[PDB]
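Let me begin by presenting the structure, written as structure tokens, before commenting on it.
Here the Cβ positions follow ideal geometry from the backbone for every residue, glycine too, while neighbour counts run over all protein chains shown. Just so you know, all these numbers are worked out from the coordinates, no wet-lab data involved.
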Amino acid sequence: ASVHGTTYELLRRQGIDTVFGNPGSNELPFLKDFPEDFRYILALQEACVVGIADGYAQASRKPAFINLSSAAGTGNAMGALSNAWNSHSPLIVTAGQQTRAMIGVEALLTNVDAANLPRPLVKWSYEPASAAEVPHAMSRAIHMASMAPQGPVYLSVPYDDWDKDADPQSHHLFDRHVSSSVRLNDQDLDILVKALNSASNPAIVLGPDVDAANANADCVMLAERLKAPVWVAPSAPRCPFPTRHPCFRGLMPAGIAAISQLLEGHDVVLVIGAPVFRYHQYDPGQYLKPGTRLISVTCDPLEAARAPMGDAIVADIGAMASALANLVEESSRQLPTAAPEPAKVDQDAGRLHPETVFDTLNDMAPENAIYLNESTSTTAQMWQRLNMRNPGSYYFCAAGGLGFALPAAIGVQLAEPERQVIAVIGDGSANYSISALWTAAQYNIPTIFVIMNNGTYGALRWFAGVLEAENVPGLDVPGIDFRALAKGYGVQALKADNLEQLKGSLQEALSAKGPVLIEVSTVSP
Amino acid sequence: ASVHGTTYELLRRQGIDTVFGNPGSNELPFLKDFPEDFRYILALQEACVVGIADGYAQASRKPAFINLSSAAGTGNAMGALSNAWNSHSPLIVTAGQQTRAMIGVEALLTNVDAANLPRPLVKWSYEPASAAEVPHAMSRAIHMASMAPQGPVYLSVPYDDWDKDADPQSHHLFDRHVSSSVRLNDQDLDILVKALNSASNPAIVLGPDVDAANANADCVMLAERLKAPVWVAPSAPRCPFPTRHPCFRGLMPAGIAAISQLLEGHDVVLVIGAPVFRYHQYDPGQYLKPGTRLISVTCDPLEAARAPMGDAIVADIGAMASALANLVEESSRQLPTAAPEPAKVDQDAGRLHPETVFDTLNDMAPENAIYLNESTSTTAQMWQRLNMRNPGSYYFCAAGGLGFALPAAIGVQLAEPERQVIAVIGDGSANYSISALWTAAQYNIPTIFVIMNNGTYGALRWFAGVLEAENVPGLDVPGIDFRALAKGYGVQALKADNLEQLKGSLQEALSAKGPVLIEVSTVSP
Amino acid sequence: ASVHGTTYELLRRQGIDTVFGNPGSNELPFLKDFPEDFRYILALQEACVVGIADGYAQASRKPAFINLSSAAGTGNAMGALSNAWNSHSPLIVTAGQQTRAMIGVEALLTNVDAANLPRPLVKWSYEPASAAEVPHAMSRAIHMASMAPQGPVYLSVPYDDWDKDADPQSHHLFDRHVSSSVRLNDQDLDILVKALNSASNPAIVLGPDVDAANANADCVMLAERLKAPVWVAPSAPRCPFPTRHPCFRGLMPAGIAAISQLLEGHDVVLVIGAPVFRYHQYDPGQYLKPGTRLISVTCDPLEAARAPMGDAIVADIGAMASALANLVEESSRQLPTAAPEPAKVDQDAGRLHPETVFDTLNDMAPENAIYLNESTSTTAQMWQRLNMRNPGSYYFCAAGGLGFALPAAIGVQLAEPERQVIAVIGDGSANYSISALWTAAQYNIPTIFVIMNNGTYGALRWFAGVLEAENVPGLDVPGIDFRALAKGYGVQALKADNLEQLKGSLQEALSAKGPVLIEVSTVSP
Ligand SMILES: Cc1ncc(Cn2c(C)c(CCOP(=O)(O)OP(=O)(O)O)sc2=O)c(N)n1
Ligand SMILES: Cc1ncc(Cn2c(C)c(CCOP(=O)(O)OP(=O)(O)O)sc2=O)c(N)n1
Ligand SMILES: Cc1ncc(Cn2c(C)c(CCOP(=O)(O)OP(=O)(O)O)sc2=O)c(N)n1
Ligand SMILES: [Ca+2]
Ligand SMILES: [Ca+2]
Ligand SMILES: [Ca+2]
Ligand SMILES: [Mg+2]
Ligand SMILES: [Mg+2]
Ligand SMILES: [Mg+2]
Ligand SMILES: [Mg+2]
Ligand SMILES: [Mg+2]
Ligand SMILES: [Mg+2]
Ligand SMILES: [Mg+2]
């Protein structure tokens, strides 16, 4: 067998059947004789390639495979990799390298010091020392991406390797099963369970690794047993809990003082599947108030190490959530009562308040819709206004890197063909990965894109106001016609200048057979 | 509180009470006002500092704290860090940096790009962005070193940071408890247990993380239940099993073909706490023979990812070994019978055969002796000839880096004051970290050093023979007087030119009140 | 031809004929069939290997070639590499890697992520992607080490590469000539010359790259023409000027305020071949006083970029010094008058003051002696008391990393067999690379080692006093018998407890046929 044949067999035996890519010369010897059982999903720029693959991996809860073009292709994707790192996305990023005979002279397309290029945004980065090593290196990449804490990995392959003879002993790679599905030993788990049972006023905080693990239902059971309020950890990349469940208390503010104030009076705070904590704004104060102790369950040693307070347990979130939910006592305390309905903001017949948009989406979207958020000034209102009953219903750029949601929404829709994906994206954010629209059109992936057009980088104007920072340049983005951009890439386009038009446009989009972009005229901050 | 006061409080609250170091200018502001409850152990060169700390950590099964002098001090220790990486040794390596005001100009003693210096031999490497961050960074270092898979970490601290005011919120760091004491979920563990119970001819292979976890006794129970032979994984850094137990089969040869041949006919091979596998010599063939399947339990994702065959489970070795030992059925098969006694090699009244030395050590040493090995051509015979009944009885440089055993033997003896440590070190190896002897003398740490003097780099002569490599320079090391070196550093010295003298010297050494070096004249290969 | 044959031919065609090494398994296929025209110099630990090679390179003014054993060997040398980086030493560091077939599994002796290991202390670091690339990679290493600014480089080679067929086109590598012997263009050089000619009170500061370039005599001519005082830049690794020439003003204090004060009243300060500046102690103030402007000529862009003041020119020091010396006008100003003789310190019949030792060395040593300094508390007095008329007469650890002088003195003596080398080394410093003594004995390299024994880390006690730092541990190093250590490694040993004995010992050492160590009892600080 050739290295080419052996590598594709390894991929298929490990459950990989799709290649997300943008091709180049160094990758042609890999992509040739492309297996008939594999799919290739082309995107027009590498931030888009990786964003699509990322959405696909996060929604499918399995690794996604990517193929990029040497250093420049890899480099174009590095902003996307920053998000993937923070979301623990299992991405296998491969890039083609020059033929071994031309690497020394640094021929055009040589990826110099290749393994260092994507650092520090990958768990493992490597270029094999010989062609016959390639299948083994691929095996390492697959497992490194897939083991807790999941994350992106990078493999660079000289293009002449693919046609070389494989080592017959590579067959031992094909069916390897590697598990990190582990939980705290019985003795210490019993101690934890007793602490939870004994708490007088427990609280629960959930992060994105809960949704990644599909631990949502177990966390619901845990919250109901403990009769505990449930918050989502700040800067949330995913939604880990049904947002209209009686215990739900919403998205935590991303500030030190704000969080300790919210947790005041709670004697035990159990954090599951989140960093402690992904703060953003400078909001100095106490990490916790006197009387509150914190216990974190995380899949990531780096998270456990850097928490400024609390105990921690490093384990698989699925295994831990299931064990805790099934072991804790049913508290005799009263179940928390549901948060009240959000207020209806006054809305005239002109430009749309974001609150109006979210209320309308919630009214019209199917109950199993999936939302993506890259409308950076409206996140708090989005979290209050969308009833998300099911797992896998929300994605937001985990490192705050714009250019995620547009392509990721296409990958999510590919992963979940029966769930309508609706990406709510600001006019500023829409540009970073605008060419991803083409992939939706070409493959007829029926994502709906809602562009919130207020003509400005609103979140930055807000932060500038907070800083009392005057005379900041570059905050306005006038003069973008999103319907024309959609037409440019072959996506049906609609405009909504008022509520009547928004309702009409959404009705049309929800009944469409392909992707649709709706440009919404929203109020200026 | 100052950063100095807060950091020492964090260290003591996290169980650290000893600093292994060689001091420099950038470290004086850390070392001043040294707490009266802490010990400082000086060594004269940094390979020695780190080797001592490494032995101490491995034997104590807890992190050891190191303080080195900027880049040059760190650099002098990097060979020692290579061993520590391979042995999963929990080492907190700190180094002083220039004052922040002088870093930009690159004043003398500036550690440039400090965090990159010890890579790739550390789990985490960092320099804090401000003085008030230092305690938090130290907390991260402690936990990163201590979490599975354990390993060395690096923290660089500008010397002006220590006198600055600490953040009062740093108190939340002091008592953090972080656990990685995890094992496979019940459902999948039951599957594993059933596979072991159903095996017709199981075999067990154990690596150093078993001894690190003190899982030895549980592995004995497991082997007795399964009625399975037990091998030690190749290139063994520690001894994970009693070497005269009936199931014990010794050290595996470090070759691909040799290992698959040894495992032939075993249907299930369970590897615990080892890489799969730390081969050395080129010995091509099948990774496993038809009919053999392999299951690896490892604490290290990097090990699980790179195994060329078998399934893997990434979990704590202590928790897994205990669970397996207590869950498996007692097989009705016959218990394996003990390996026969080693042959007595013919010995005249002249220079000592290594076999004679090991037999004599085994005869005379206490049953709870601890051995270290850096006699590179005699390892196989050492493993056959020493009855090591107890955990923590053997150490060998885990990355094959010479200069480990001499200082490590001092750290081990410090960790285990009631167990006689005997380091068996070749004449070549003895030189790498020779100045460590001084620390044994100064602190009266009563390690016994047995120098095997055959005048040559014997293992290299052997490998050259294997390669049929002629005209290799640099293989002979004549003209070293080890008694004089011992005298130079204040250690009692004895010579053994024959068996009578070896017995006399060992009797003297075993009754001595301080460290003793015995130079043994061994046969030339 | 084989890669082995082709690589040794490249080395010899590029002027390399000596390998400094400590061998290991991965290097045996390189070292076998060692060419009869090459020398191999063995040292017993890698800090010693690199120190010896460094002294050899610095004194010979040409690259030195080193061969180390995988990661652990490389790591043991990293403190030595820190000095080599700061001294711009052209060192070609090679290390053996595992066979390509065993790299993936990370067999024992695999150097993981090899090229990152010596960073940031090398100019270039690399592992070739195939065997046939090895000669080209070696060519790159040779030239990278040798081009201005000179420095260490690193090449990792899988051991199976050596026996493979070389590319016949590699012959084009053999005779490549690469020059960086460049100077400022005529127009701008004329501007510089006019500025120097027009200065009313110029001063000159010289650094180690002057001595490396053998630009010393040209700098003497320049100073005589400009009638300018000459200082040596702080933390001096080499001596760039005759120390009894009338213009000489000595070693600058390594402090910001001290230097600007010394330069006050000088309108133009010309710095040649030094960083601006290698300060050490914290001594805040003005970088330059009003009225002083600075112009730096440096071979190193990194130095030019980081200077906090002045203009800079990046060019070859030899070419620039020669051009300036020959272009400037002869000033009608009076030539500076020579510094007065140093005072004779009172000396009784007991332990030696360092001043006495240096005066005695100056009295007894040949006029072409070469000194090395690792007596850290006595540097200022050494610089005042040794008349060093010739180039290449002084070396001091350029990054302040101890363990340099003892091995470097052996390399310098090998480079300069007709010039008596005298290394003055503190009792503390002597231990870092003590085993280097063996190389001097084995190859009969007649270096004289003068150990200044005061029982303490004196420079650290001094700095602690400056910090008013109390209760610092680890500052005393009692109980070392240096005569016994010398005997241990086969070097003739003498002791000097008083001046009479010092004179007798020096007379004996200067007439000896081999290396000699003199242990001098010096006064305690
Ligand atoms: C790749 C990238 N570039 C720039 C930013 C900075 N940025 C920017 C430019 C924001 C404004 C986005 O504007 P929008 O139109 O998408 O949404 P809002 O008007 O609701 O803020 S929010 C923010 O953090 C970023 N996060 N990521
Ligand atoms: C730091 C370092 N340098 C060099 C080596 C190479 N090496 C060397 C030099 C060996 C010979 C050791 O000789 P010895 O006298 O200690 O023992 P034997 O004579 O029994 O081999 S074994 C080996 O791998 C190494 N492993 N580590
Ligand atoms: C590799 C390394 N380790 C530690 C130091 C710290 N250090 C040390 C330990 C000094 C004392 C040297 O003592 P000495 O006996 O050689 O000389 P003095 O007594 O004259 O200071 S000076 C100094 O910077 C260093 N520079 N380099
Ligand atoms: Ca906007
Ligand atoms: Ca030997
Ligand atoms: Ca001293
Ligand atoms: Mg258990
Ligand atoms: Mg699907
Ligand atoms: Mg490094
Ligand atoms: Mg379970
Ligand atoms: Mg103890
Ligand atoms: Mg010109
Ligand atoms: Mg010469």
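Near the amide H of B:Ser2, within less than 5 Å, lie the amide hydrogens of B:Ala166, all on another chain or at least 5 residues away, with H placed in the peptide plane.
Take each residue in C:125-132, count the other chain C-beta atoms within 10 Å of its C-beta, and the mean is 5.
For chain C, the Cβ-based charge dipole about the Cα centre amounts to some 540 debye (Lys, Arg positive; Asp, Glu negative; other atoms uncharged).
Computed packing ranks the peptides B:339-350, A:6-17 as A:6-17, B:339-350, most packed first, by mean other Cβ atoms within 10 Å. Spherically averaged projected area of the convex hull of Cα atoms, the range C:341-525: 10.5 nm². Backbone phi angles across the range B:450-456, fed through the Karplus curve with coefficients 6.51, -1.76 and 1.60 (θ = phi - 60°), yield HN-Hα couplings of 10, 8, 8, 9, 10, x, 8 Hz in residue order; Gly and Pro are listed as x.
Taking amide H atoms as placed 1.01 Å from N in the peptide plane, the amide H of C:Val205 lies under 5 Å from those of C:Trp231, C:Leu270, C:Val271, C:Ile272, each 5 or more residues away in sequence or on another chain. Once divided by 2.2 N^0.38 Å, the Cα radius of gyration of the range B:230-374 becomes 1.22. A simple spin-label model places the labels of A:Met221 and A:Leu108 6.0 nm from each other, with each point 7 Å out along Cα-to-Cβ. Antiparallel beta bridges, as assigned by DSSP with both residues in the range B:1-178, represent about 5 percent of the total such bridges.
Return the FRET efficiency for the residue pair A:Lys513, A:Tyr40: r is the Cβ-Cβ distance, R0 is 25 Å, and the value is rounded to the nearest 0.05. The pair A:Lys513/A:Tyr40 has a calculated efficiency of 0.60. Where in the range B:286-302 is the amide nitrogen less than 15 Å from a point lying 7 Å along the Cα-to-Cβ axis of A:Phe174? Within reach of a label on A:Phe174: B:290-291.
Using C-alpha pairs below 8 Å separated by at least 6 residues, the relative contact order for the range C:1-178 is 28 percent. Given A:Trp383, A:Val516, A:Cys397, which one lies farthest toward the positive end of the charge dipole of the range A:341-525, if we put +1 on the Cβ of every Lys and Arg and -1 on the Cβ of every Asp and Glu? Projecting each Cα onto the dipole axis, the largest value belongs to A:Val516.
Over chain C, Cα pairs under 8 Å with separation of 6+ residues give a relative contact order of 14 percent. Relative contact order of the range B:341-525, taken over Cα pairs closer than 8 Å and 6 or more residues apart, is 25 percent. Between copies, the label points at C:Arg176 (set 7 angstrom from Cα along Cα-to-Cβ) are spaced 3.8, 5.0 nm, reported in nanometres from shortest to longest. Look at the stretch B:84-92: the mean tally of other chain Cβ atoms within 10 Å of its residues' Cβ atoms is 1. In the protein assembly as shown, the calculated helix contribution to ellipticity at 222 nm averages -10000 deg cm²/dmol per residue, counting -39,500 (n - 2.57) for every DSSP H run with n ≥ 4. Taking only the Cα atoms of the protein assembly as shown, the radius of gyration and Dmax are 34.6, 110 Å.
Bridgeable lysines around A:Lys513 (alpha carbons under 19 Å apart, same-chain partners fewer than 8 residues away excluded): A:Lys487, A:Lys495, A:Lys503.
Peptides B:64-71, A:441-448, ordered by how many other C-beta atoms sit within 10 Å of their residues on average, highest first, read B:64-71, A:441-448.
Simple point charges give the picture: +1 on the Cβ of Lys and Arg, -1 on the Cβ of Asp and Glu, and for the range B:358-470 a dipole about the Cα centre of about 140 debye. Counting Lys and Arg as +1 and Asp and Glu as -1, what is the net charge of the other residues whose Cβ lies under 11 Å from the Cβ of C:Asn390? Its environment carries a net charge of -1. Counting only other chain Cβ atoms within 10 Å of each residue's Cβ, the peptide B:475-481 averages 5. Each listed q (0.09 Å⁻¹) maps to a log10 I(q)/I(0) for chain C, found by the Debye formula over equal Cα scatterers with no solvent: -0.68.
In chain B, the DSSP beta bridges split such that about 5 percent are antiparallel, to the nearest 5.
Within the shell defined by Cβ-Cβ distances under 13 Å, the residues around C:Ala415 carry a net charge of 0, with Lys and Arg each +1 and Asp and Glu each -1.
This ranking places C:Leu302, C:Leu108, B:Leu467 by how few other beta-carbon atoms lie within 10 Å of each, fewest first, which gives C:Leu302, B:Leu467, C:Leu108. Could you compute the net charge surrounding B:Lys495? Neighbours are other residues with a C-beta less than 10 Å from the C-beta of B:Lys495; K and R count +1, D and E count -1. Taking every other residue near B:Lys495 into account, the sum is -2.
Evaluated at q = 0.13, 0.23 Å⁻¹, a Debye calculation over the C-alpha positions of the range B:178-237 (equal weights, vacuum) places log10 I(q)/I(0) at -0.42, -1.13.
Annotation: amide H-H contacts under 5 Å for A:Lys495 (H modelled 1.01 Å from N, sequence separation of 5 or more, or interchain): A:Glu519.
Only beta bridges with both residues in the protein assembly as shown are counted; by DSSP, about 5 percent of them are antiparallel.
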